[PDB]
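Participant: Sequence and experimental coordinates follow.
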Amino acid sequence: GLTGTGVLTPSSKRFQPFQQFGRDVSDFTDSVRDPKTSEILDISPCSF
Amino acid sequence: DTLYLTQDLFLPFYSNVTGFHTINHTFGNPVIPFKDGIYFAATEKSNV
């Protein structure tokens, strides 16, 4: 359900099996996993 | 590397626990009130 806009790139995880979202430093998404198990860093600033 | 609070139903640190030492001549099972969630420990040998 998480919309957004940016740039996708692979991860550096010790990710948990039950877990999904990433909210990095101050509730800011930054890191996700696919519905089909691809854990990706999500940098929404394309650029500005 | 967050420093993230939350306010939630918690076990307080350093708190009084009504430990019930049951041994080979002591059975311990009264009726106990729930009272907003219980913390529980079952130390066992092969998790009985």
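Facilitator: Done, it's in. Residues are numbered from 1 along each chain as shown, chains lettered A, B, ... in the order given.

Participant: middle-most residue in chain A, spatially?
Facilitator: In chain A, the residue lying closest to the centroid (Cα atoms, centre = their mean) is residue A:31, at 2.0 Å.

Participant: ok, and the closest non-adjacent residue to that residue?
Facilitator: residue A:22 (3.3 Å; Cβ to Cβ, 6 or more residues apart in numbering or on different chains). Quick note: C-beta positions are derived from backbone N, CA and C, even for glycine.

Participant: Next up, the contacts around that neighbour.
Facilitator: A:29, A:30, A:31, A:32, A:42 (Cβ atoms under 8 Å, 6 or more residues apart in numbering or on different chains).

Participant: Looking at those residues, which is nearest residue B:7?
Facilitator: Nearest to residue B:7 among the contacts of residue A:22: residue A:29, at 22.9 Å, using Cβ to Cβ.

Participant: Quick one: residues contacting the closest one.
Facilitator: Counting by Cβ under 8 Å, 6+ apart, residue A:29 has contacts A:2, A:4, A:21, A:22, A:23, A:42, A:44.

Participant: which residues are contacting the strand or helix carrying residue A:40?
Facilitator: Assigned by DSSP states H and E, residue A:40 belongs to strand A:39-43. Identification of contacts with strand A:39-43 by Cβ under 8 Å, 6+ apart yields A:4, A:6-13, A:15, A:22, A:29-34.

Participant: Kindly recompute the last result at 6 Å.
Facilitator: A:6-11, A:13, A:15, A:29-33 (Cβ atoms under 6 Å, 6 or more residues apart in numbering or on different chains).

Participant: Now, of those, which are buried?
Facilitator: A:29, A:31, A:32, A:33 (16 or more other Cβ atoms under 10 Å in any protein chain shown).
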